[PDB]
Amino acid sequence: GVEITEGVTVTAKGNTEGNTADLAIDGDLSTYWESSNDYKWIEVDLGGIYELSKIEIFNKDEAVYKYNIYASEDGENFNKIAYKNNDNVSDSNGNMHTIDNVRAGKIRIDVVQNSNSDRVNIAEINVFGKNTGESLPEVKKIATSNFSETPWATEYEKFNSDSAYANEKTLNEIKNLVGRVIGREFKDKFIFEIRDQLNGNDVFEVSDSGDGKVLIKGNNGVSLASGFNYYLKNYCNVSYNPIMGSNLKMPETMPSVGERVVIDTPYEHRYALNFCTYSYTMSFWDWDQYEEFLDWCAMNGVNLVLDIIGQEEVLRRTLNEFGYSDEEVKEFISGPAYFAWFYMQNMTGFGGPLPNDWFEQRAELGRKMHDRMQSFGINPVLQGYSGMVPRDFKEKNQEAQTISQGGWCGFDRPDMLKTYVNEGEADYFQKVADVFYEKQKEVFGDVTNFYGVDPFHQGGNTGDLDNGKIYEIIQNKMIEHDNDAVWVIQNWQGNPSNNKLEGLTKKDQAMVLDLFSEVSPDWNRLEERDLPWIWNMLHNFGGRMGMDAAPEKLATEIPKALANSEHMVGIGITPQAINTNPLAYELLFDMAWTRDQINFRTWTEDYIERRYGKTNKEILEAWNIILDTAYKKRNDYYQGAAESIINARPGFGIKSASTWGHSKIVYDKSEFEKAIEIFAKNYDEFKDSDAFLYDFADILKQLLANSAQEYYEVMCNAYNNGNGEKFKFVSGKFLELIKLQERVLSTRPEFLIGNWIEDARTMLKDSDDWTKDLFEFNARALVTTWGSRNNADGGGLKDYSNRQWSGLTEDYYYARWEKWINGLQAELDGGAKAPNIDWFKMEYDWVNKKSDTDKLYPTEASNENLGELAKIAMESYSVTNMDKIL
Ligand SMILES: CC(=O)N[C@H]1[C@@H](O[C@@H]2[C@H](O)[C@@H](O)[C@H](O)O[C@@H]2CO)O[C@H](CO)[C@@H](O)[C@@H]1O
Ligand SMILES: [Ca+2]
């Protein structure tokens, strides 16, 4: 005691009709709050700060509920104070939770599971404790600085206006990059010089200084970084890729250049990133990871990079002028793992709300990025505005005209303002657009001429409006705010249609990304309309893993495209994640620096030598086998790497793990196994190359995915033939195969689910338990169910971002197969028919577990020996030995 029976109030962010929040605290067990959306929590204010001793919870029925309870004494920080994760049914006695005398003015109760429904409920909640006689403080309003008032503005302007200062900054930064990439002791081995463009093209030079130093010139920072990279790769046998394995072992003495080299690129732009990349890869990155990424960008010639960092603050300021409180803005914006689909106008809300201190921190990170990009000569692509507004925009602005955009994968898309209206009507597109571009400037300053926005992406609705006219007016509005604007536009699945693209009256002030040029190029219709366009390798969908690359097409189609066009202004990468197949990315960026087709085989021979720090005939043999199998040219349409059956919801007739995926392996499996035999034979000699280990894990996990598919077919045959004993034996081998795969995956830091989760939980400074748990939810959901039931199932997103990852394989993929197998076994053995499994409910149970109360996944890779694991795989879980094995 004592029960807090006066002054208690409650809020929620959704409820089913009649089942309002206040019904959780009305003293009546027959009335309840019940959730209507993904906000499955309520917030109770106690009318003062109490030292809490007990919290009692009643539900409306006898289902099994799981929930987490949080408390705040300062009004800002909600820390976790109790939870129920046991499988006990609720009953008429309620659940009583002992609280260790925690001070609290407000509590949050998040009900993350109801065994009986997707909706959750609370019939009553009682809180017991001792009044402190104190009151919560007022919560400080969100406040950020204007760019113009920060030291960032001073520096940005000083760089702009003082050549000498700017040159010194660029040259010092490139020296810093050498230090970060190969070590501080190499900084004094290079001399860097700015030069002019060659014939209007970016250019670098590499030569000997005369006293044993390396003289590298370039027209800007990116060119200088590319020259540094060229020297490493061609003279030092060194290869940098901070995400996908490097060989950074330098020679004992700096090798001589010999004949001076001058190398230019005919491309104005070399472009990087997909909106999706910001979610499947970068969601939880800190500055250190961004810095490393930008160094790798500059070294690979990249000078145009999609940038959404801190855009939440831009949108907050914009909507604040159109009747939205900061709380309402936070409900509209997604969580940290969903910004890709938030900014592509596909979804709102989900994974949020973001913490109040998000906005300042992210605006600061964005400013820091623009400072580094400015030093290098990298253009960010910031945001264009095309009419995106929340669905209640007219409620708050009654003269606005809007077009409902309908649904995307079960989410509600935001509305779109009518891009033009009749004489006599208010034009909110003009009004909001003017505020948006002005607020973007207040937050970041004038950092670029490139802006990206993509109305009608993967659906939406043009209403009564003329397609060309919509594009004309959006383009005109962008140009009004930046006379030198270039509207960067994604070309995907025929959006924007020719009639839309013909609306762009200023063709030189648009630039279309041909998104998927290495599989389904679609630049002819751009070229024919005289639109500047960029040739892009997409390659990676969802972060889905496997050996997959198109090196022959990259070595040939790119210079062919250049030879056969007048408006190809660049090449680039548009991957949905940067986690796989380093060969593809290195080759793509190498193709910027030639006008000629090259030989992709000899290119690979040189590539693997610098990647491993050594080579021999057998390693070269194994890579020729990879080029002839997994990396062999394909002429069909497919999205990402062939999917592992291990990662699919269990069932019969499986042909993909994700809706738009494919599991068909188009090469000979036993032939591919030979590459693994060759790597095992050479393991001891190459184990001191981390990049060799990286590649060996990739090909080995590919072998096991490949053989798992064959064992799956045999297992399904055994069930269909009513052979219980054979099914037990074969399904048994299938599960053991997954266990071996888990040992393979354990060997790489890049494969640990624990790193992804820990990054999410630690990405901000000083965040409360509430925010950590919510960010962990974002991390777990994105790689599994993606959204909730109507998104995963009816919406098609289940396992879209499936990862061949350690921890995730044991507790999620393995657990699904085991469950399906056991049900089939029980039936074959004479038991009841195998039950339907509700996959989403089982999957979601995993999504909602927390690292601090359930299981903490490790952040350290194992010492398993990939050579020995490969021998076990060849001997006991292979396609080659399958007849012998089964
Ligand atoms: C969920 C996701 O990352 N979607 C991507 C993806 O779209 C999916 C698929 O590739 C399309 O063929 C299908 O029409 O829609 C799918 C679900 O959105 O690819 C595109 C292209 O990069 C992305 O824009 C989506 O965001
Ligand atoms: Ca009640």
Side-chain angles (χ1 to χ4, degrees), residues 8 10 12 15 18-34 42 44 56-61 94 109 121-126 273-281 283 306 308 334 337-347 350 407-411 413 452-460 489-496 513-520 522 536-544 572-577 637-641 643 656 658-662 781-787 791-792 794-803:
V8 182
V10 65
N15 62 273
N19 300 316
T20 54
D22 60 298
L23 304 185
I25 59 161
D26 70 352
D28 189 344
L29 291 176
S30 70
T31 64
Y32 55 86
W33 161 77
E34 177 176 69
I42 60 180
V44 177
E56 189 181 27
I57 287 163
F58 296 87
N59 300 104
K60 75 178 196 175
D61 56 20
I109 311 81
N121 59 81
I122 288 168
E124 273 310 294
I125 176 168
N126 300 328
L273 299 186
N274 193 288
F275 288 88
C276 294
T277 330
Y278 276 96
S279 294
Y280 294 129
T281 291
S283 292
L306 186 69
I308 53 160
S334 67
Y338 296 92
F339 298 132
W341 304 280
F342 179 74
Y343 290 106
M344 293 186 288
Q345 321 188 49
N346 304 130
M347 76 185 271
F350 193 86
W408 173 86
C409 298
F411 293 99
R413 298 173 70 109
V453 64
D454 297 292
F456 318 115
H457 178 78
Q458 286 194 343
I489 295 172
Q490 295 184 78
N491 175 35
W492 175 251
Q493 291 179 154
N495 186 59
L513 307 171
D514 191 37
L515 224 67
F516 206 11
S517 310
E518 93 284 7
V519 174
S520 187
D522 181 46
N536 296 278
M537 177 190 79
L538 203 163
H539 173 254
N540 184 302
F541 280 83
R544 301 191 294 269
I573 60 168
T574 46
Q576 293 188 355
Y637 182 88
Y638 53 100
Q639 296 189 348
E643 299 177 293
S656 60
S658 63
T659 298
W660 303 274
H662 61 114
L782 184 68
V783 298
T784 54
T785 65
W786 211 105
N791 311 121
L797 294 169
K798 48 75 218 261
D799 297 326
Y800 182 89
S801 192
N802 69 87
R803 302 311 179 90

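Both ligands and their constituent atoms are indexed starting at 1 by order of listing. Residues: numbered from 1 along the sequence shown.
Considering all non-hydrogen atoms of both residues, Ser658 and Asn802 come closest at CB-ND2, 4.5 Å. Heavy-atom minimum distance, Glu518 versus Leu538: OE1-N, 2.9 Å. Pairing each heavy atom of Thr659 with each of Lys798, the nearest pair is OG1-CE, 3.7 Å.
For the Ca ion (ligand 2), the tally of protein N/O/S atoms lying closer than 3.0 Å stands at 7.
With no hydrogens or angles considered, a side-chain donor-acceptor pair links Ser517 and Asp514 at under 3.5 Å. For the residue pair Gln458/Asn346, the side-chain donor-acceptor check at 3.5 Å is not satisfied.
Put simply, CH2 on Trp33 and CD1 on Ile125 are 11.0 Å apart, with the number rounded to the nearest 0.5 Å.
Residue contact check: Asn274 has heavy atoms under 4.0 Å from atoms 22 (O) of ligand 1. For ligand 1, the atoms closer than 4.0 angstrom to any heavy atom of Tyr280 are 1 (C), 2 (C), 3 (O). The atoms of ligand 1 that sit less than 4.0 Å from any heavy atom of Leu797 are 1 (C). Taking every non-hydrogen atom of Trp408 and a distance limit under 4.0 Å, the qualifying atoms of ligand 1 come out as 18 (O). For ligand 1, the atoms closer than 4.0 angstrom to any heavy atom of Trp341 are 1 (C), 2 (C), 3 (O), 4 (N), 26 (O).
The ring of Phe411 has its center closer than 6.0 angstrom to the ring center of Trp786. Taking the centre of each ring, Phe350 and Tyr338 come in below the 6.0 Å mark. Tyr278 has its ring centre no less than 6.0 Å from the ring centre of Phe342.
Ring geometry, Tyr800 versus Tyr280: the interplanar angle falls under 30°, so the pair is classed parallel (tilted spans 30 to 60°).
By the criterion of a heavy-atom distance under 4.0 Å, neither the backbone nor the side chain of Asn346 is placed next to ligand 1. Within the 4.0 Å heavy-atom criterion, neither part of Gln490 lies near ligand 1.
Of the protein's heavy atoms, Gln576 NE2, 2.9 Å lies nearest to atom 22 (O) of ligand 1.
The N/O atoms of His457, backbone and side chain alike, include one that comes under 3.5 Å of an N/O atom in ligand 1.
When the heavy-atom distances from atom 20 (C) of ligand 1 to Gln639, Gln458, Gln493, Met347 are ranked, the shortest goes to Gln458. With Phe541, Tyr637, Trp660 as candidates, the residue nearest to atom 17 (C) of ligand 1 on a non-hydrogen basis is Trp660.
For the ligand labelled ligand 1, residue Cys276 lies inside the 4.0 Å heavy-atom shell.
Checked against side-chain contact (heavy atoms from CB on, under 4.5 Å), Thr784 has the following partners two or more places apart in sequence or in another chain: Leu808, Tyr812, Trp846, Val847.
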